[PDB]
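Engineer: Hey, dropping input_29.cif in here, mmCIF, C-alpha atoms and all ligand atoms:
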```
data_work
loop_
_atom_site.group_PDB
_atom_site.id
_atom_site.type_symbol
_atom_site.label_atom_id
_atom_site.label_comp_id
_atom_site.auth_asym_id
_atom_site.auth_seq_id
_atom_site.Cartn_x
_atom_site.Cartn_y
_atom_site.Cartn_z
ATOM 1 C CA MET C 1 -66.344 -43.225 -21.707
ATOM 2 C CA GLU C 2 -64.097 -42.552 -18.659
ATOM 3 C CA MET C 3 -62.893 -39.411 -20.455
ATOM 4 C CA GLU C 4 -66.515 -38.248 -20.717
ATOM 5 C CA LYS C 5 -67.103 -38.561 -16.972
ATOM 6 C CA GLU C 6 -63.696 -36.991 -16.401
ATOM 7 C CA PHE C 7 -64.939 -34.238 -18.720
ATOM 8 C CA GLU C 8 -68.188 -33.676 -16.800
ATOM 9 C CA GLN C 9 -66.348 -33.789 -13.465
ATOM 10 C CA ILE C 10 -63.851 -31.100 -14.555
ATOM 11 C CA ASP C 11 -66.584 -28.850 -15.965
ATOM 12 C CA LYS C 12 -68.636 -29.254 -12.759
ATOM 13 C CA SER C 13 -65.605 -28.413 -10.626
ATOM 14 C CA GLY C 14 -64.519 -25.527 -12.894
ATOM 15 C CA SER C 15 -60.895 -26.707 -12.828
ATOM 16 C CA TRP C 16 -59.733 -26.612 -16.475
ATOM 17 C CA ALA C 17 -57.116 -23.958 -15.719
ATOM 18 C CA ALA C 18 -55.755 -26.067 -12.859
ATOM 19 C CA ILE C 19 -55.668 -29.219 -15.025
ATOM 20 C CA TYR C 20 -53.836 -27.301 -17.743
ATOM 21 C CA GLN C 21 -51.231 -25.826 -15.376
ATOM 22 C CA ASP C 22 -50.449 -29.311 -14.068
ATOM 23 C CA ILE C 23 -49.739 -30.401 -17.638
ATOM 24 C CA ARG C 24 -47.415 -27.418 -18.046
ATOM 25 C CA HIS C 25 -45.501 -28.319 -14.879
ATOM 26 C CA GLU C 26 -44.869 -31.953 -15.854
ATOM 27 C CA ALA C 27 -43.996 -31.318 -19.515
ATOM 28 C CA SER C 28 -40.515 -32.179 -20.764
ATOM 29 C CA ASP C 29 -37.761 -29.560 -21.003
ATOM 30 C CA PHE C 30 -35.070 -30.480 -23.516
ATOM 31 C CA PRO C 31 -32.253 -28.340 -24.970
ATOM 32 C CA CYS C 32 -32.794 -26.156 -28.073
ATOM 33 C CA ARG C 33 -29.235 -25.030 -28.723
ATOM 34 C CA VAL C 34 -29.279 -25.058 -32.544
ATOM 35 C CA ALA C 35 -32.431 -22.908 -32.644
ATOM 36 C CA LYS C 36 -30.667 -20.301 -30.476
ATOM 37 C CA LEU C 37 -27.436 -19.926 -32.476
ATOM 38 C CA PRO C 38 -27.112 -16.313 -33.706
ATOM 39 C CA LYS C 39 -26.984 -17.405 -37.335
ATOM 40 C CA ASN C 40 -30.517 -18.839 -36.944
ATOM 41 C CA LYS C 41 -32.194 -15.803 -35.381
ATOM 42 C CA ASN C 42 -34.004 -14.782 -38.566
ATOM 43 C CA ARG C 43 -35.285 -18.367 -39.084
ATOM 44 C CA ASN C 44 -37.495 -18.224 -35.970
ATOM 45 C CA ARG C 45 -40.824 -16.456 -35.864
ATOM 46 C CA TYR C 46 -41.138 -16.323 -32.054
ATOM 47 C CA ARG C 47 -38.268 -16.151 -29.574
ATOM 48 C CA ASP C 48 -40.046 -18.476 -27.104
ATOM 49 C CA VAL C 49 -41.003 -21.223 -29.614
ATOM 50 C CA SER C 50 -38.082 -23.444 -30.670
ATOM 51 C CA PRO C 51 -37.617 -27.071 -31.674
ATOM 52 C CA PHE C 52 -35.796 -29.429 -29.300
ATOM 53 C CA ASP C 53 -32.445 -30.542 -30.679
ATOM 54 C CA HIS C 54 -33.282 -34.247 -30.391
ATOM 55 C CA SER C 55 -36.416 -34.104 -32.570
ATOM 56 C CA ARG C 56 -35.749 -31.281 -35.017
ATOM 57 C CA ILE C 57 -36.012 -31.694 -38.782
ATOM 58 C CA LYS C 58 -32.695 -31.092 -40.528
ATOM 59 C CA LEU C 59 -32.590 -29.696 -44.043
ATOM 60 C CA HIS C 60 -30.396 -31.832 -46.344
ATOM 61 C CA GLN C 61 -27.871 -29.164 -47.245
ATOM 62 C CA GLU C 62 -24.456 -28.070 -46.144
ATOM 63 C CA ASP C 63 -24.275 -24.439 -44.928
ATOM 64 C CA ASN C 64 -27.339 -24.258 -42.669
ATOM 65 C CA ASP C 65 -29.634 -27.232 -41.991
ATOM 66 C CA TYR C 66 -31.872 -25.363 -39.511
ATOM 67 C CA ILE C 67 -35.652 -24.990 -39.789
ATOM 68 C CA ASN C 68 -38.146 -24.433 -36.946
ATOM 69 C CA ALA C 69 -39.891 -27.827 -37.255
ATOM 70 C CA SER C 70 -40.218 -30.955 -35.077
ATOM 71 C CA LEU C 71 -40.889 -34.630 -35.817
ATOM 72 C CA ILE C 72 -43.554 -35.963 -33.462
ATOM 73 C CA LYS C 73 -43.347 -39.780 -33.605
ATOM 74 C CA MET C 74 -46.215 -41.655 -31.908
ATOM 75 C CA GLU C 75 -44.956 -45.217 -31.458
ATOM 76 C CA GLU C 76 -48.068 -47.088 -30.323
ATOM 77 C CA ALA C 77 -50.348 -45.222 -32.714
ATOM 78 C CA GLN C 78 -47.952 -45.814 -35.663
ATOM 79 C CA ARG C 79 -48.354 -42.183 -36.779
ATOM 80 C CA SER C 80 -45.800 -39.429 -37.330
ATOM 81 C CA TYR C 81 -46.368 -35.681 -37.774
ATOM 82 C CA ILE C 82 -44.095 -32.751 -38.558
ATOM 83 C CA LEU C 83 -45.130 -29.620 -36.644
ATOM 84 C CA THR C 84 -43.731 -26.298 -37.833
ATOM 85 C CA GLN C 85 -44.257 -22.561 -37.554
ATOM 86 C CA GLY C 86 -45.941 -20.602 -40.321
ATOM 87 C CA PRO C 87 -43.197 -19.861 -42.866
ATOM 88 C CA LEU C 88 -41.359 -16.509 -42.862
ATOM 89 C CA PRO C 89 -40.650 -14.387 -45.967
ATOM 90 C CA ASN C 90 -37.127 -15.815 -46.001
ATOM 91 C CA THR C 91 -37.987 -19.404 -44.970
ATOM 92 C CA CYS C 92 -40.517 -20.300 -47.705
ATOM 93 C CA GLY C 93 -37.843 -22.084 -49.748
ATOM 94 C CA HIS C 94 -36.731 -24.048 -46.666
ATOM 95 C CA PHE C 95 -40.332 -25.033 -45.964
ATOM 96 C CA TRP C 96 -40.832 -26.617 -49.378
ATOM 97 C CA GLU C 97 -37.364 -28.202 -49.244
ATOM 98 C CA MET C 98 -38.414 -29.901 -46.022
ATOM 99 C CA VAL C 99 -41.601 -31.127 -47.715
ATOM 100 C CA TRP C 100 -39.603 -32.510 -50.630
ATOM 101 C CA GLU C 101 -36.964 -34.208 -48.485
ATOM 102 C CA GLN C 102 -39.404 -35.748 -46.003
ATOM 103 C CA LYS C 103 -41.646 -37.173 -48.773
ATOM 104 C CA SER C 104 -44.764 -35.627 -47.264
ATOM 105 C CA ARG C 105 -48.020 -35.780 -49.207
ATOM 106 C CA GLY C 106 -50.120 -33.258 -47.287
ATOM 107 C CA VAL C 107 -49.694 -29.852 -45.658
ATOM 108 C CA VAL C 108 -52.299 -28.912 -43.013
ATOM 109 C CA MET C 109 -52.654 -25.166 -42.349
ATOM 110 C CA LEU C 110 -54.770 -24.103 -39.401
ATOM 111 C CA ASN C 111 -54.421 -20.282 -39.505
ATOM 112 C CA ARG C 112 -55.195 -17.522 -41.981
ATOM 113 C CA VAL C 113 -52.398 -15.427 -43.466
ATOM 114 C CA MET C 114 -53.761 -12.368 -41.606
ATOM 115 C CA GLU C 115 -55.335 -12.669 -38.139
ATOM 116 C CA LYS C 116 -56.195 -9.837 -35.740
ATOM 117 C CA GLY C 117 -54.901 -7.407 -38.378
ATOM 118 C CA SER C 118 -51.334 -8.805 -38.345
ATOM 119 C CA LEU C 119 -49.398 -11.157 -40.611
ATOM 120 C CA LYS C 120 -49.288 -14.619 -39.043
ATOM 121 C CA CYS C 121 -47.713 -16.363 -42.012
ATOM 122 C CA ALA C 122 -46.095 -15.676 -45.384
ATOM 123 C CA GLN C 123 -48.054 -16.314 -48.592
ATOM 124 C CA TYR C 124 -46.005 -19.423 -49.338
ATOM 125 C CA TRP C 125 -48.173 -20.996 -52.092
ATOM 126 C CA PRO C 126 -49.449 -19.613 -55.417
ATOM 127 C CA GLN C 127 -52.960 -18.201 -55.492
ATOM 128 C CA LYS C 128 -53.352 -18.411 -59.312
ATOM 129 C CA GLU C 129 -52.759 -21.382 -61.641
ATOM 130 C CA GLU C 130 -50.947 -19.227 -64.244
ATOM 131 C CA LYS C 131 -48.511 -17.566 -61.788
ATOM 132 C CA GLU C 132 -46.296 -20.284 -60.343
ATOM 133 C CA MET C 133 -43.651 -19.626 -57.677
ATOM 134 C CA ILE C 134 -39.903 -20.232 -57.956
ATOM 135 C CA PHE C 135 -37.781 -20.671 -54.829
ATOM 136 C CA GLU C 136 -34.300 -20.148 -56.171
ATOM 137 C CA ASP C 137 -32.368 -20.583 -52.915
ATOM 138 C CA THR C 138 -33.581 -24.207 -52.827
ATOM 139 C CA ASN C 139 -34.197 -24.770 -56.582
ATOM 140 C CA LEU C 140 -37.867 -25.753 -56.337
ATOM 141 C CA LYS C 141 -40.875 -24.697 -58.423
ATOM 142 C CA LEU C 142 -44.430 -24.703 -57.056
ATOM 143 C CA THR C 143 -47.609 -24.628 -59.180
ATOM 144 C CA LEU C 144 -51.275 -24.454 -58.210
ATOM 145 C CA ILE C 145 -53.161 -27.238 -60.024
ATOM 146 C CA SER C 146 -56.686 -26.753 -58.650
ATOM 147 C CA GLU C 147 -58.585 -25.718 -55.550
ATOM 148 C CA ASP C 148 -61.936 -26.554 -53.933
ATOM 149 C CA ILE C 149 -63.288 -23.785 -51.674
ATOM 150 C CA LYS C 150 -65.836 -24.833 -49.043
ATOM 151 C CA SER C 151 -67.468 -22.968 -46.184
ATOM 152 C CA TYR C 152 -65.064 -23.939 -43.359
ATOM 153 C CA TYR C 153 -61.990 -25.019 -45.350
ATOM 154 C CA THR C 154 -60.225 -25.075 -48.727
ATOM 155 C CA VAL C 155 -58.347 -27.974 -50.348
ATOM 156 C CA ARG C 156 -55.651 -27.225 -52.916
ATOM 157 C CA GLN C 157 -53.760 -29.572 -55.175
ATOM 158 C CA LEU C 158 -50.238 -28.372 -55.930
ATOM 159 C CA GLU C 159 -47.321 -29.636 -58.003
ATOM 160 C CA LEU C 160 -43.851 -29.371 -56.497
ATOM 161 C CA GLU C 161 -40.950 -29.732 -58.937
ATOM 162 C CA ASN C 162 -37.307 -30.310 -58.049
ATOM 163 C CA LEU C 163 -35.598 -28.142 -60.665
ATOM 164 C CA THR C 164 -32.311 -29.989 -60.040
ATOM 165 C CA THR C 165 -33.666 -33.368 -61.163
ATOM 166 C CA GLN C 166 -36.993 -32.355 -62.792
ATOM 167 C CA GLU C 167 -38.923 -34.853 -60.681
ATOM 168 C CA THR C 168 -42.387 -33.692 -59.651
ATOM 169 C CA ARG C 169 -44.743 -34.604 -56.820
ATOM 170 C CA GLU C 170 -48.352 -33.748 -56.083
ATOM 171 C CA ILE C 171 -48.977 -32.126 -52.685
ATOM 172 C CA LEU C 172 -52.375 -31.654 -51.071
ATOM 173 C CA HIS C 173 -52.836 -28.422 -49.082
ATOM 174 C CA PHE C 174 -55.633 -28.567 -46.470
ATOM 175 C CA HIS C 175 -56.497 -25.084 -45.203
ATOM 176 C CA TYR C 176 -58.813 -24.687 -42.225
ATOM 177 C CA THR C 177 -60.008 -21.106 -42.703
ATOM 178 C CA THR C 178 -62.592 -20.458 -39.945
ATOM 179 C CA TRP C 179 -60.843 -20.940 -36.628
ATOM 180 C CA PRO C 180 -62.080 -17.942 -34.590
ATOM 181 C CA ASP C 181 -59.711 -15.072 -33.839
ATOM 182 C CA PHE C 182 -60.265 -15.549 -30.083
ATOM 183 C CA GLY C 183 -61.088 -18.832 -28.374
ATOM 184 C CA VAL C 184 -61.965 -22.175 -29.981
ATOM 185 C CA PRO C 185 -64.878 -23.367 -32.180
ATOM 186 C CA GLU C 186 -68.085 -23.748 -30.187
ATOM 187 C CA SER C 187 -68.808 -27.086 -31.958
ATOM 188 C CA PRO C 188 -66.122 -29.643 -32.890
ATOM 189 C CA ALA C 189 -68.254 -30.969 -35.771
ATOM 190 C CA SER C 190 -66.563 -28.886 -38.454
ATOM 191 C CA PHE C 191 -63.084 -29.574 -37.051
ATOM 192 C CA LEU C 192 -63.742 -33.346 -37.017
ATOM 193 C CA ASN C 193 -65.111 -33.215 -40.556
ATOM 194 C CA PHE C 194 -61.881 -31.436 -41.583
ATOM 195 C CA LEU C 195 -59.756 -34.078 -39.814
ATOM 196 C CA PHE C 196 -61.577 -36.880 -41.642
ATOM 197 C CA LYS C 197 -61.109 -35.129 -44.993
ATOM 198 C CA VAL C 198 -57.347 -35.137 -44.337
ATOM 199 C CA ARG C 199 -57.442 -38.857 -43.427
ATOM 200 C CA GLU C 200 -59.441 -39.823 -46.529
ATOM 201 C CA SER C 201 -56.869 -38.130 -48.792
ATOM 202 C CA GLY C 202 -54.145 -40.635 -47.851
ATOM 203 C CA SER C 203 -51.920 -37.832 -46.514
ATOM 204 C CA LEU C 204 -51.757 -39.349 -42.995
ATOM 205 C CA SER C 205 -50.874 -42.904 -44.174
ATOM 206 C CA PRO C 206 -47.594 -44.820 -43.687
ATOM 207 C CA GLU C 207 -46.871 -45.112 -47.413
ATOM 208 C CA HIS C 208 -46.064 -41.371 -47.295
ATOM 209 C CA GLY C 209 -43.702 -39.196 -45.325
ATOM 210 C CA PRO C 210 -45.207 -37.464 -42.285
ATOM 211 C CA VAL C 211 -47.897 -34.823 -42.767
ATOM 212 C CA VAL C 212 -46.734 -31.218 -42.191
ATOM 213 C CA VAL C 213 -48.944 -29.336 -39.685
ATOM 214 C CA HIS C 214 -48.636 -25.620 -38.925
ATOM 215 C CA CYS C 215 -50.459 -22.597 -37.609
ATOM 216 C CA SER C 216 -48.579 -19.463 -36.574
ATOM 217 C CA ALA C 217 -46.207 -20.869 -33.920
ATOM 218 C CA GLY C 218 -46.884 -24.540 -34.654
ATOM 219 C CA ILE C 219 -48.017 -25.465 -31.108
ATOM 220 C CA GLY C 220 -51.563 -24.315 -30.409
ATOM 221 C CA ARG C 221 -54.080 -25.260 -33.069
ATOM 222 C CA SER C 222 -51.391 -27.584 -34.482
ATOM 223 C CA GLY C 223 -51.229 -29.532 -31.216
ATOM 224 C CA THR C 224 -55.012 -29.861 -31.099
ATOM 225 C CA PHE C 225 -55.045 -31.431 -34.572
ATOM 226 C CA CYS C 226 -52.420 -34.051 -33.806
ATOM 227 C CA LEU C 227 -53.733 -34.793 -30.306
ATOM 228 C CA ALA C 228 -57.240 -35.544 -31.571
ATOM 229 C CA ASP C 229 -56.000 -37.639 -34.504
ATOM 230 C CA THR C 230 -53.730 -39.828 -32.347
ATOM 231 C CA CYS C 231 -56.288 -40.293 -29.556
ATOM 232 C CA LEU C 232 -58.909 -41.476 -32.064
ATOM 233 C CA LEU C 233 -56.374 -43.834 -33.642
ATOM 234 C CA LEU C 234 -55.554 -45.404 -30.276
ATOM 235 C CA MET C 235 -59.244 -45.946 -29.461
ATOM 236 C CA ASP C 236 -59.695 -47.774 -32.788
ATOM 237 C CA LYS C 237 -56.676 -50.021 -32.297
ATOM 238 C CA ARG C 238 -57.006 -50.985 -28.642
ATOM 239 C CA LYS C 239 -58.773 -53.910 -27.005
ATOM 240 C CA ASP C 240 -60.066 -51.382 -24.414
ATOM 241 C CA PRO C 241 -61.040 -48.032 -26.020
ATOM 242 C CA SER C 242 -61.817 -46.258 -22.711
ATOM 243 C CA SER C 243 -58.150 -46.876 -21.712
ATOM 244 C CA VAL C 244 -57.025 -43.888 -23.831
ATOM 245 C CA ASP C 245 -55.897 -41.029 -21.562
ATOM 246 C CA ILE C 246 -55.753 -37.632 -23.317
ATOM 247 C CA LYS C 247 -53.437 -36.063 -20.741
ATOM 248 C CA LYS C 248 -50.836 -38.823 -21.045
ATOM 249 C CA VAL C 249 -50.992 -38.695 -24.846
ATOM 250 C CA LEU C 250 -50.470 -34.917 -24.676
ATOM 251 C CA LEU C 251 -47.450 -35.287 -22.392
ATOM 252 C CA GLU C 252 -45.958 -37.897 -24.721
ATOM 253 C CA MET C 253 -46.334 -35.513 -27.699
ATOM 254 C CA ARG C 254 -44.736 -32.733 -25.625
ATOM 255 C CA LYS C 255 -41.562 -34.820 -25.426
ATOM 256 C CA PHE C 256 -41.042 -33.868 -29.105
ATOM 257 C CA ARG C 257 -42.128 -30.205 -29.318
ATOM 258 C CA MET C 258 -42.703 -27.710 -26.513
ATOM 259 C CA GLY C 259 -45.931 -25.901 -25.745
ATOM 260 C CA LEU C 260 -48.450 -28.105 -27.586
ATOM 261 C CA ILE C 261 -51.966 -26.932 -26.647
ATOM 262 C CA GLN C 262 -51.570 -23.316 -25.563
ATOM 263 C CA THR C 263 -54.657 -22.536 -23.442
ATOM 264 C CA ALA C 264 -57.094 -24.272 -21.129
ATOM 265 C CA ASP C 265 -59.964 -23.858 -23.589
ATOM 266 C CA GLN C 266 -57.845 -25.579 -26.260
ATOM 267 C CA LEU C 267 -57.389 -28.449 -23.770
ATOM 268 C CA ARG C 268 -61.135 -28.537 -23.141
ATOM 269 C CA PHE C 269 -61.876 -28.387 -26.877
ATOM 270 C CA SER C 270 -59.529 -31.352 -27.447
ATOM 271 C CA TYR C 271 -61.582 -33.536 -25.091
ATOM 272 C CA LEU C 272 -64.769 -32.443 -26.862
ATOM 273 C CA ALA C 273 -63.397 -33.446 -30.268
ATOM 274 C CA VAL C 274 -62.172 -36.849 -29.075
ATOM 275 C CA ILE C 275 -65.426 -37.576 -27.222
ATOM 276 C CA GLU C 276 -67.557 -36.594 -30.214
ATOM 277 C CA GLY C 277 -65.286 -38.264 -32.780
ATOM 278 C CA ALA C 278 -65.368 -41.467 -30.738
ATOM 279 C CA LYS C 279 -69.108 -41.792 -31.408
ATOM 280 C CA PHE C 280 -68.343 -41.724 -35.153
ATOM 281 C CA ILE C 281 -65.862 -44.639 -34.906
ATOM 282 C CA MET C 282 -67.408 -47.065 -32.396
ATOM 283 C CA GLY C 283 -69.752 -48.367 -35.138
ATOM 284 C CA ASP C 284 -71.925 -45.276 -35.653
ATOM 285 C CA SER C 285 -71.045 -44.463 -39.259
ATOM 286 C CA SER C 286 -74.097 -42.232 -39.872
ATOM 287 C CA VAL C 287 -73.841 -38.811 -41.527
HETATM 288 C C1 LIG E 1 -68.803 -34.663 -38.748
HETATM 289 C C2 LIG E 1 -69.915 -34.440 -38.055
HETATM 290 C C3 LIG E 1 -70.006 -35.049 -36.634
HETATM 291 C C4 LIG E 1 -71.072 -33.579 -38.616
HETATM 292 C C5 LIG E 1 -72.438 -34.341 -38.666
HETATM 293 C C6 LIG E 1 -73.677 -33.319 -39.046
HETATM 294 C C7 LIG E 1 -73.396 -32.231 -40.137
HETATM 295 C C8 LIG E 1 -74.279 -31.018 -39.890
HETATM 296 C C9 LIG E 1 -71.931 -31.712 -40.204
HETATM 297 C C10 LIG E 1 -71.800 -31.072 -41.411
HETATM 298 C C11 LIG E 1 -72.022 -32.120 -42.682
HETATM 299 C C12 LIG E 1 -71.213 -33.326 -42.555
HETATM 300 C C13 LIG E 1 -70.881 -34.174 -43.810
HETATM 301 C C14 LIG E 1 -70.948 -33.906 -41.085
HETATM 302 C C15 LIG E 1 -70.821 -32.934 -40.002
HETATM 303 MG MG MG E 2 -40.894 -31.325 -15.921
#
```
Go ahead and express the file in the form of structure tokens.
Ligand SMILES: C=C(C)[C@@H]1CC[C@@H](C)[C@@H]2CCC(C)=C[C@@H]21
Ligand SMILES: [Mg+2]
Structural biologist:
Amino acid sequence: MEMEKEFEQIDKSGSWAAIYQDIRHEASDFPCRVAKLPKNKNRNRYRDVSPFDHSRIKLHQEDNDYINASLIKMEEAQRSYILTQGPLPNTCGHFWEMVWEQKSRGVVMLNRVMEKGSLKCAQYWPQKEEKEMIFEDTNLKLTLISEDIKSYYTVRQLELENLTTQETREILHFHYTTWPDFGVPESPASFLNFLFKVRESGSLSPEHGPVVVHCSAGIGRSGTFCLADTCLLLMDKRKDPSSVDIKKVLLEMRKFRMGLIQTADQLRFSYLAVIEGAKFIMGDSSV
């Protein structure tokens, strides 16, 4: 597994920070002019995290079509993802409008609402079945149908209703709840198990719109999730599995949204997940 001897060589040489900086130097730099217009200042959670103009998701509405969200389209892998920031108190209606318009089936959330004693995300879904949420600026109603709480993650089933037309869709919410406050998980086993739960749900499949992935800024943990998924897909599809190069897949994803993978230990963790997940897809079905 070329990547696995690349992994051991980089650990041995203690050069993860140098590998990561080289990725930062060669990453694309495209314009983000819409994100920087003054009328959009309260739609952005972080001043240094914006969507490129060429890949941004446009809301289907006159007035203001802006949301901080990017379409990441992986041609060879045949997979698309929408990466977005954690919604703001005033962008929750835009978030669900984007989900409606893009025909997404799943939302993947990789942060908690409060981390390090600060609010990383608005409470954008209902916590109780009997208290639904109405987003009047976008004319959508959201209802909790059920939820399954497990040790490392929670899965919710929600109903999203277009109050204009009274159509309804079922949305699956996949909430990874135990990413540590500092660093990365020591073992990728629980992250891979989470990834495969999302895959089994159908939410990642071409009969649906792209899955919506977010953490707080939509680049760190979010980038790790998409990078691992796409790498494992390429290894399944290809005549030569060990031809998959993580660093070139990461740079290709960074053509669509800036800053994906935010630290050198996130880079290292991404290798770990792909190496370990590759065991579980080269014929070794056992668990
Ligand atoms: C996905 C994995 C590589 C691991 C295999 C071993 C288990 C302890 C762990 C938790 C239980 C499930 C179903 C698989 C996970
Ligand atoms: Mg460059």
Engineer: Quick one: pull the distance between CA of residue 155 in chain C and CA of residue 173 in chain C, Å, one decimal.
Structural biologist: 5.7 Å
Engineer: Measuring between only C-alpha atoms and all ligand atoms, which one of C:47, C:169, C:183, C:255 shows the shortest distance to ligand MG 2 (chain E)?
Structural biologist: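 Going through C:47, C:169, C:183, C:255 one by one, the smallest distance to ligand MG 2 (chain E) is for C:255.
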Engineer: List the spatial neighbours of residue 15 in chain C as a PyMOL selection string - criterion: any atom at most 12 Å away, only C-alpha atoms, same-chain residues fewer than 5 positions off excluded.
Structural biologist: chain C and resi 6-10+20-22+264-265+267-268
Engineer: Between CA of residue 53 in chain C and CA of residue 30 in chain C, what is the distance, to one decimal in Å?
Structural biologist: 7.6 Å
Engineer: Step by step, gather every atom of range 199-204 of chain C that the file lists, find the box along x, y and z that holds them, add 5 Å on each side, and finally give centre and edge lengths in Å to one decimal, as lines of an AutoDock Vina configuration file.
Structural biologist:
```
center_x = -55.6
center_y = -39.2
center_z = -45.9
size_x = 17.7
size_y = 12.8
size_z = 15.8
```
Engineer: Could you state the separation of CA of residue 59 in chain C and CA of residue 79 in chain C in Å, given to one decimal place?
Structural biologist: 21.4 Å
Engineer: Can you tell me which residues surround residue 226 in chain C at a distance of at most 8 Å, considering only C-alpha atoms, apart from same-chain residues fewer than 4 positions away, and format the answer as a list in words?
Structural biologist: residues 81, 222 and 230 of chain C
Engineer: Can I get the selection written as a PDB file, in the frame of the given file, with C-alpha atoms?
Structural biologist:
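The resulting result-v2.pdb:
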```pdb
ATOM      1  CA  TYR C  81     -46.368 -35.681 -37.774  1.00  0.00           C
ATOM      2  CA  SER C 222     -51.391 -27.584 -34.482  1.00  0.00           C
ATOM      3  CA  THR C 230     -53.730 -39.828 -32.347  1.00  0.00           C
TER       4      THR C 230
END
```
Engineer: Using only C-alpha atoms and all ligand atoms, what are the residues with an atom within 8 Å of ligand LIG 1 (chain E), set out as a PDB file with C-alpha atoms, in the coordinates of the input?
Structural biologist:
```
ATOM      1  CA  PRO C 188     -66.122 -29.643 -32.890  1.00  0.00           C
ATOM      2  CA  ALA C 189     -68.254 -30.969 -35.771  1.00  0.00           C
ATOM      3  CA  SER C 190     -66.563 -28.886 -38.454  1.00  0.00           C
ATOM      4  CA  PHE C 191     -63.084 -29.574 -37.051  1.00  0.00           C
ATOM      5  CA  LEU C 192     -63.742 -33.346 -37.017  1.00  0.00           C
ATOM      6  CA  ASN C 193     -65.111 -33.215 -40.556  1.00  0.00           C
ATOM      7  CA  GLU C 276     -67.557 -36.594 -30.214  1.00  0.00           C
ATOM      8  CA  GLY C 277     -65.286 -38.264 -32.780  1.00  0.00           C
ATOM      9  CA  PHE C 280     -68.343 -41.724 -35.153  1.00  0.00           C
ATOM     10  CA  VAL C 287     -73.841 -38.811 -41.527  1.00  0.00           C
TER      11      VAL C 287
END
```
Engineer: Mind checking which residues fall within 10 Å of range 112-123 of chain C, counting only C-alpha atoms, ignoring those fewer than 4 positions away in the same chain, and posting them as a PyMOL selection string?
Structural biologist: chain C and resi 45+85-92+127+175-182+214-217
Engineer: Written as a PyMOL selection string, which residues does the PyMOL selection byres (((chain C and resi 242) around 6) and not hetatm) give for the file shown?
Structural biologist: chain C and resi 1-2+240-241+243-244
Engineer: What would the file look like if the residues just selected were written as a short mmCIF file (atom, residue, chain, number, x, y, z; two decimals), in the frame of the given file with C-alpha atoms?
Structural biologist:
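This went into again.cif:
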```cif
data_model
loop_
_atom_site.label_atom_id
_atom_site.label_comp_id
_atom_site.auth_asym_id
_atom_site.auth_seq_id
_atom_site.Cartn_x
_atom_site.Cartn_y
_atom_site.Cartn_z
CA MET C 1 -66.34 -43.22 -21.71
CA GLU C 2 -64.10 -42.55 -18.66
CA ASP C 240 -60.07 -51.38 -24.41
CA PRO C 241 -61.04 -48.03 -26.02
CA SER C 243 -58.15 -46.88 -21.71
CA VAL C 244 -57.02 -43.89 -23.83
#
```
Engineer: Counting all atoms listed in the file, which protein, DNA or RNA residues come within 8 Å of ligand MG 2 (chain E), given as a VMD selection string?
Structural biologist: chain C and resid 24 to 29
